[PDB]
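Structural description and commentary
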There are 2 protein chains.
Amino acid sequence: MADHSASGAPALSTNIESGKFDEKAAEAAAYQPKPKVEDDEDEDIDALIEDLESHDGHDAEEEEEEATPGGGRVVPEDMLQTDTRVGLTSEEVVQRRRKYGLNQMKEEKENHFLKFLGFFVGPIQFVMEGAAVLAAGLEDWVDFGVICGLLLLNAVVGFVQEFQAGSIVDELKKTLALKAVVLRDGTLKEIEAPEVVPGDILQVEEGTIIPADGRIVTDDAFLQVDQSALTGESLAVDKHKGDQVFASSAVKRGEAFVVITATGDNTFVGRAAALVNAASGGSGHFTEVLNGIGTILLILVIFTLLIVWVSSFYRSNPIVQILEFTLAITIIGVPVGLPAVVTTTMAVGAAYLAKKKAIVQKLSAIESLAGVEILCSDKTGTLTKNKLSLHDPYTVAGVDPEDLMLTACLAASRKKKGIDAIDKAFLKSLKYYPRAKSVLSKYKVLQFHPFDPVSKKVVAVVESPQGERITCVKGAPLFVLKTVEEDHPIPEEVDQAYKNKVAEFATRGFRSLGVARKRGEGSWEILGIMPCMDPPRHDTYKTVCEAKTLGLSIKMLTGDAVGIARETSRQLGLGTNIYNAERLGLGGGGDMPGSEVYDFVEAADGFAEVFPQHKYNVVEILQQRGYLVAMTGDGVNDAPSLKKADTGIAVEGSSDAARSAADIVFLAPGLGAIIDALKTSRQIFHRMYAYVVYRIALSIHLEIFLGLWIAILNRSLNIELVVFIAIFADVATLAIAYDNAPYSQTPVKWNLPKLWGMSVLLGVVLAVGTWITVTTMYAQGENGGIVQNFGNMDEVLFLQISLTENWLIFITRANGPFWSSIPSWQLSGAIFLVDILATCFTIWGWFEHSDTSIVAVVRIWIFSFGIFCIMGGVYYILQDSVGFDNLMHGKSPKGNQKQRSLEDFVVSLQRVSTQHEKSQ
Amino acid sequence: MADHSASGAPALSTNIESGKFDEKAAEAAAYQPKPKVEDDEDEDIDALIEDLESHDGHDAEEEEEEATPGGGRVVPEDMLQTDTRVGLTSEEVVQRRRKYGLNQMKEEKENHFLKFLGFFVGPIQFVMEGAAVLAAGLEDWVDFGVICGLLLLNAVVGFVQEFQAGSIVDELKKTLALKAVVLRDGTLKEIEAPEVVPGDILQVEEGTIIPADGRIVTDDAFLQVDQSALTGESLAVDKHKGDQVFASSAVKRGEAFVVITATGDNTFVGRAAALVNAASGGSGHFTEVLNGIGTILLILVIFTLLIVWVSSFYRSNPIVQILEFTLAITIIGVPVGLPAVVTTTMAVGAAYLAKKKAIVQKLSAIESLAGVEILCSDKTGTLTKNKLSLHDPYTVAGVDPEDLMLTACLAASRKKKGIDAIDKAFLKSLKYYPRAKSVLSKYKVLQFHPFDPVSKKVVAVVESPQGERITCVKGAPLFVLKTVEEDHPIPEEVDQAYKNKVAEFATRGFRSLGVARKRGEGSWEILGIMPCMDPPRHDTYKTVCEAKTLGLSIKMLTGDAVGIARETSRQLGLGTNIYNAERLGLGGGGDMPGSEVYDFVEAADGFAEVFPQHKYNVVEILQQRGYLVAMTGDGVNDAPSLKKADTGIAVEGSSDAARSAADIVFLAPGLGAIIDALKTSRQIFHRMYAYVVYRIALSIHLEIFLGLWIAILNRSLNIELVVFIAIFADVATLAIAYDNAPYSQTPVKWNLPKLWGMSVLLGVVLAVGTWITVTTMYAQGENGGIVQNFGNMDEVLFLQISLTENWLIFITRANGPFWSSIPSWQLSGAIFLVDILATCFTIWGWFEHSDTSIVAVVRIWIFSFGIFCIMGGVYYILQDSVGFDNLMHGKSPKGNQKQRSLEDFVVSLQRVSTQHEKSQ
């Protein structure tokens, strides 16, 4: 009774809040710049922060500056001093967000990108113009202009690439994560601190952290808070009237109602935070691989080009031409737009994540997530629709003799704890019985005998006010009932019957609990049992299937018995229908008379009934085999394992702490959701690969094509048509992105260790490239011309290049899928349009010199295809092993079986540890 | 007595019904189209189904629409409402069949075939004409016409290939499988639901499923049915008078007589079925291999051809000629007719299956069946002509003291159960004795002590009305009689004698049973024993031999003792005459004091006396060694193993459930039948291979032959003669099919894993091809001509091609057999006719330019042979191992022997578990 009523009152807020990606659009289109009437040197800004936090109080001629007193002095007595009252004006929120945002300061830095590549290229184009204007009397008519023209195009791209990511961040404001309950609807609601604009009513309780500077309104008796983080002395502060909740810690003392006054840089624990962040160095893995490649491209290009220059005096051209050939080759080569391209994908990709009841923060975590190999997920609420709620309690006939009801009511324990509707069933159940009351919600409990391995069961010695004595027991069915006595003697029937039912229940699920009652635990008095099961669902059942197809290993952690656990595992699809005892479905039991379960635990999934300080070792041990992991928080006992791991997945309706030591959040408290996530991540990588291959492969051909002519051929490379290819080939194309549907059909990629653009990929580019590169020389380099002066060679040398690259860019679609054309709609649209430029470029202007347009053009198409087919093969891959490797496998047979049998043997002893012991 | 009389009455229908493949011919020649006065959009049709099933009742102006009330509401009370009466008019059956057919909706889909190949080719021919008519002023006289002409021919083939399969399905109506008993003959008869046309009297009993909407006539007291499948609530329905049997489940409550009213799409559980089937994706293995190859041909051809085009500017021909060379090469290459060819074989092949008292459904199961490696078949009724009927019961002298007759009568158990004539023998036997009565059929049995391993025997405590007490025992001879006491003391003689006889019986078969009688089982009183044996037969004894020659492993599951089992095994041929104890013949005994038999079971065949929940593991374990399987249903306990397996073979006179979790049925309840099946399956594959080799091999030569000329030679390729070869070579030929007699001499093929057109086969085509390809260049490319203008080169270049390909197509006969000409009669007929075209094509028209006709023609014959010989060698294959591989084998000797001995040792203990125990 009086327990819950108090639980119900203080909670409930069904819809996080269906509040669109709008407010962001409006806000972001005025962010970074504009108002803020103070534009001092950045230097003074930092100093101001370190001078504000604490320090005495000078006049600023502005409303504000009360947050400083928070981390400079107690602020106990004076807090009521400062005084309270304040709300926003919708306006303040838009600005505060832009400067404070996510009440923790994050550093955004460039590992160089912007400078070493950024405007290092920009200068080249500038000196190009310089050279252009330097040549007074030069016989080159408008070359200076052309280069200037091209350089402009390159830039256009420059700015474009850099612009979208900025606006993207503005649109991230106003989301819904955790830490901050406010009053909006008809009930208190939860919302993000950043969104938690000043004004909305927040509610701080025990153990919670202040999402923002809040002016206390009232509540519980005493309100204690730890201001250490800000000031000093770990001594809790007694906030008196119209108090103030900066961001300190609520030392589980009292509860408070409040209004958010400060919510940004102007924040209390947002002032001692958001305005003081000296620097440091630290990079991500893949970023390392990327940087590494950038270099291997940096030198590779800048060298091959140099060659195309000095090895051309043989071609009979002044080193000058060769010079502007190497430099020219440099420009094309320079795979630019990488920072912008992966930042856009990161930002956008993270939006969709956020868009699907799965809130993910820090784009630096996507990398890892994409490489997830194992997913350890809790059952109730995540995997199963049924919280850990046993609806099938069951007790035999009756007796009604006093303590009879006591035992039945108390020892209806369970697994988890926290309440549900499961207990209510018990409440009403009692009612069914006599008519009395409470029994359910109640009792005076002081001592708890920790569940010891031998007897296999927990118990608690409780004493009613005026009563005899009672001790309620819970634990495994078998062992518990082995004791049992109960009012009337333990008849055979009663026994047999009890078992059978539990068995019946647990062979298709059901999570059996054994309840008796004695005083110490020795005594025997079986009351009943309360099993459970749970309809999996929509995307979990399929998501699991996807997991296997993706290689990803999913482990379930539940508070159900191994028997049932295996049943659930089998039900979902984890473990098919095959009853194990080896690991799959069955697994192990972090049990005492099952200890040896640490071998069963690591049964590659199923884990049922485990303890603390072992999480630690389990992660260590699992990692020792290079098993990555996506875990789900819980208690302090799992903290070490959490930190050890790499990915932390916290439930939206869970704890924030966990969401910190992690890299994402579950709103859609569904399991199927994660498999989807893994899917996207995998999509992100392939696409990146396909994107790189196209760029590099296609670009490499131009590298030596330039070289070729450098030595032979005849025609030339010149601003005009060259600049064209450059614009249509090195721009958007290398850009493009799309999700690959099959991609969930590829094992997880190794990060840290695994080398960037894979060797095979390197092969893919060289292959496709080497074709078109050569296919250029013989495109017409055989063909047939009548006068020798390039009036056919050029018209195609350019038309072909433009067309091929087109081709390559379509061998860049999904890196996982093999053999797909006309995809990427936007990409295709570009192809046609791009092709159009080419046609016009050849039609009128050159309408009188076309010869290659009749049977040279067709040849393009006939070969504009081989590129697609080449990829189709690459994409489909099959490994070959020399018939001796598989043979060894022929041997693995037995010892494998033997091992299994052995495991089973002992695993057999563990089914009845006590009997065995007794027998011995 | 009163037991059987009631069994006899309710059964018997000797001939499934000798009803020909006629009615099908007539029906199918009007199916899909015609009447049905409503041709709405397919959209409305689906919606109509989901709107019918349940939903309120609008007017349609037609007789019908009563089936909807079945799955929309109880329909208990109202069922008598709707009312009953209705029969067909022969007409209705023909139509209902066409729309309903096999009261389960099957999806027929094309994985592309029809479109990506179908009319993708059709367009090419159309644009060919377009190009033809586009060239106004072209100097090519009638080329447009020629191509149009050819394209027509290609089509003719197009339609032809697609037409036969459609009509084939019409001819499948009217067959005899299971589920549906009707009154036609002088007794109730069984027939297929689809054939079960409205009108015929059906009889539904307990546990049966309603084959069709039936208007109940009457029968048993209460008739309960579960309408869940349709409506809701698992609560059985009490069908009152003139009831209705839609398709619900008969909850083993009552028996009913009825008349089938609705039998099609208009069906009750045919309405909630046959009109609602949203889609999905799922393909077969080999289909995967096929599709895979299609691609490898798709690209291969479309590429080599492209080459034959652009590498021909060297030949001195405008890219145009080379263009229509690549495209031309494309057409020939494109191994078309694959969908039609394998669909025809599938359909037809499945007809013959159905034609031979072996009913097989779903052409997607043939693939697997063909690859059957192991066949686990039950003895009685399948392998042996003798049902499990022991005719040699035998008891000693007499006593006549009361309970003496009791024991003898009751404990005459057996193995199986269900009745036979075996029991009748016992009935009459008793008669022989005094003259009394029943004893046989009777007794009051309530309790059954499950046969426990120690004592090795089952027993049942029965109590007559007014009598002392009695407990009948059955089980292994040895152990049972070890107890025995009986009226008069257990004399030595009596004992010794008893044994000897059983031994005598069981060393040439005989399935001994031990019968006593006590109360608990301790007591001893031997009554007698009832062995058995069984004449194998015609095709079983030979079929078994075929199995071995085919590699297929056959396992027998019987209810006879190991001793006898091995005898039967030896008798049949499974296990020769060599008494084992290792596995072959003897095998194992799913016995208690034989437990270790799980190693003997997997003795590679023989299994005698096994239990439930082990089927599960046995299949799992067997599969763990890549052992495929064709199994035979039975009980619920074998269900898991059945689902695990891949092929289910159910007896025609058996259960339907099994026939579901399977892929075929045994009408001819013979074992020999399966071996025949395996034979056909194997025939189907080879033929396919031979068919592919011919097509591909022969086609590849034309691929580069085109290329050759592209570079050199002189003559040309042109519509006329080219179109001819195309018509006679790419049509029927690639088509043809035949059964290979030896083919039962080849081990089973690996499906899923094994690669399609085998590498060796790839070699076979390339070999044969490479010959004729080259043999063309030197056919006359050496020969001797006087003027240089092709008047000899052409006349033969075409005549040869036509002749060779002829040759190749005969290297396509049975892929298993090696060295066979003039086979395939139809094929040969074609050869001659085809050859004729060639002769005329050369004779008159070209009568004045022939030079090659004298000694060029003979040369054809001399080499028109080497192709046959080449195959003959390929077909005969011998493996070579380096003399060290066999040596290891020299070592296997011992350890093999040692292992056997060891097995035997323990296997020796198992012959007398109890003695041993006692001694210990």
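Residues numbered from 1 in each chain as written, not as in the entry; some residues may be left out. Chains lettered and ligands numbered in written order. Heavy atoms only, no water.

**A look at helix α8 (residues 285–310) of chain A**
Where we set the bar: The secondary structure listing takes helices from DSSP runs of H or I that are at least 4 residues long and strands from runs of E that are at least 2 residues long, numbered from the N terminus. In a helix, the anticipated span is given by 1.5 Å times the number of residues less one. Residues are treated as being in contact if the distance between any of their heavy atoms lies within 4.5 Å.
Taking 1.5 Å of rise per residue, the 26 residues of α8(A) would be expected to cover 38 Å, and the 38 Å separating its terminal C-alpha atoms lies within 8% of that figure. Buried positions along α8(A) lie against α9 (319–333), α10 (338–355), α11 (366–370) and α21 (672–711) of chain A.

**Side note on the pairing of strand β8 (residues 256–262) of chain A**
Residues and elements named next belong to chain A. Using the following cut-off: For each residue, the accessible area found with a 1.4 Å probe, counting protein chains only, is set against the maximum for its type, and the residue is called buried under 20%, exposed over 50%, and partly exposed in between. Here, strands pair whenever DSSP counts at least two bridges between them.
Judged by how many residues are buried, β8 sits mostly within the fold: six of seven residues are covered. Two elements, strand β4 (residues 213–219) and β8, share six bridges in a ladder whose sense is antiparallel. Looking at the pairing, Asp213 lines up with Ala262 of β8.

**Considering the sheet that holds strand β10 (residues 445–452) of chain A**
The strands making up a sheet associate through hydrogen bonds between their backbones, and the pairing can be parallel or antiparallel. All names here are of chain A. What the four strands build is an open sheet, ordered β10-β11-β12-β13; its pairing is antiparallel. Both edges of this open sheet fall to β10 and β13 (514–515), since each of them pairs with a single strand only. Sheet topology note: the β10/strand β11 (residues 457–462) ladder contains five bridges and is antiparallel. Bridge assignment links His449 to a residue of β11, and that residue is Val459.

**Examining the packing of aromatic side chains**
Cut-off, in case you're wondering: Classification of ring pairs rests on two measures: the distance between centres of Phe, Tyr or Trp rings, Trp counted by its six-membered ring, which must be within 6.5 Å, and the angle between planes, read as stacked under 30 degrees, edge-to-face over 60 and tilted in between.
Enumeration according to the criterion identifies 36 aromatic pairs over all chains in this entry. The interplanar angle of 40 degrees and the centroid separation of 4.1 Å between the aromatic rings of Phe246(B) and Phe268(B) together place this pair among those described as tilted. Taken as a pair, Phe246(B) in the loop between β7 (244–245) and β8 (256–262) and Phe268(B) in the loop between β8 and α8 (285–310) lie far apart in primary sequence, 22 residues in all. For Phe246(B), a relative accessible area of 2% puts it in the buried group. With a relative accessible area of 2%, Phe268(B) lands in the buried category. Clustering of aromatic rings is evident, with ring pairs tying together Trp771(A), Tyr778(A), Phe863(A), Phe303(B) and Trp309(B).

**Section: the UniProt feature "binding site: Mg(2+)" in chain A**
Residue and element names in this part refer to chain A. Note the following rule: UniProt positions are given in the numbering used here, feature names are shortened, and annotations may be inferred rather than shown by experiment. Two N or O atoms count as a polar contact when they lie within 3.5 Å, although within protein this holds only if one can serve as hydrogen donor and the other as acceptor, and sequence-adjacent residues are included solely when both atoms are side-chain atoms.
As recorded in UniProt, the feature "binding site: Mg(2+)" lies at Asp634 and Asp638. With respect to the helices and strands, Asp634 occurs in the loop between β16 (630–632) and α19 (639–644). Position of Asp638 relative to the elements: it lies in the loop between β16 and α19. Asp638 gets classed as buried once you look at its relative accessible area, which sits at 3%. Side chain to side chain, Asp638 and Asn637 meet in a polar contact 2.5 Å long.

**Here's the deal with the packing of helix α22 (residues 719–729) of chain B against helix α25 (residues 793–808) of chain B**
All names here are of chain B. What counts here: For every element, the axis is a line fit to its C-alpha atoms; helices are fit only across the contacting stretch, and the angle between N-to-C directions ranges from 0 to 180 degrees. Oblique is the label for any angle not under 35 degrees, not over 145, and not in the 65 to 115 range, which are roughly parallel, roughly antiparallel and roughly perpendicular in turn. Any residue that is not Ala, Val, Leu, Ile, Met, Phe, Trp, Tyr, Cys, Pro, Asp, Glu, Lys or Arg is counted as polar, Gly included; the first ten are nonpolar and the last four charged.
Put simply, α22 and α25 touch, their axes get as near as 10 Å, and they point 10 degrees apart. Compared by their axis directions, α22 and α25 come out roughly parallel. Across the interface between the two elements, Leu721, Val722, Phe724, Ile725, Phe728 and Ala729 from α22 touch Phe798, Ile801, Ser802, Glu805 and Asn806 from α25. Among the residues forming the contact of α22 with α25, the class breakdown is eight nonpolar, two polar and one charged.

**Regarding the relation of the copies chain A and chain B**
Condition: We superpose the copies by least squares, fitting on C-alpha atoms.
For the match of chain A to chain B, the screw axis carries a shift of 0.0 Å, the RMSD comes to 0.0 Å, and the turn is 60 degrees. Considering both components of the superposition, the chain copies are consistent with a six-fold axis. Using C-alpha coordinates, one finds that chain A approaches the rotation axis most closely at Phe884(A), a distance of 15 Å.

**Concerning the environment of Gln447(B)**
Residues and elements named next belong to chain B. Looking at the element boundaries, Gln447 is found in strand β10 (residues 445–452). Since its relative accessible area comes to 46%, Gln447 is described here as partly exposed. When the C-alpha positions of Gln447 and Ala460 are compared, they lie 5.9 Å apart, and in sequence the two are 13 residues distant. If near-sequence neighbours (up to four positions away) are discounted, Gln447 is found in contact with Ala460 and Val461.

**Details of the interface of chain A and chain B**
Threshold: Defined in terms of a 1.4 Å probe, buried area is the accessible area two parts forfeit on being brought together, summed over both. Any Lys or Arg side-chain nitrogen found within 4 Å of a carboxyl oxygen on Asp or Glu counts as a salt bridge.
Taken together, the 18 residues of chain A in the interface contact 17 residues of chain B. By the criterion of area lost to chain B, the three top residues of chain A are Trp819(A), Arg859(A) and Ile862(A), representing 29% of everything that side buries. Remark: the boundary between chain A and chain B carries zero salt bridges. Among the elements of the structure, α28 (857–863) and α31 (896–909) of chain A are those that each provide at least two residues to the side of chain A that touches chain B.

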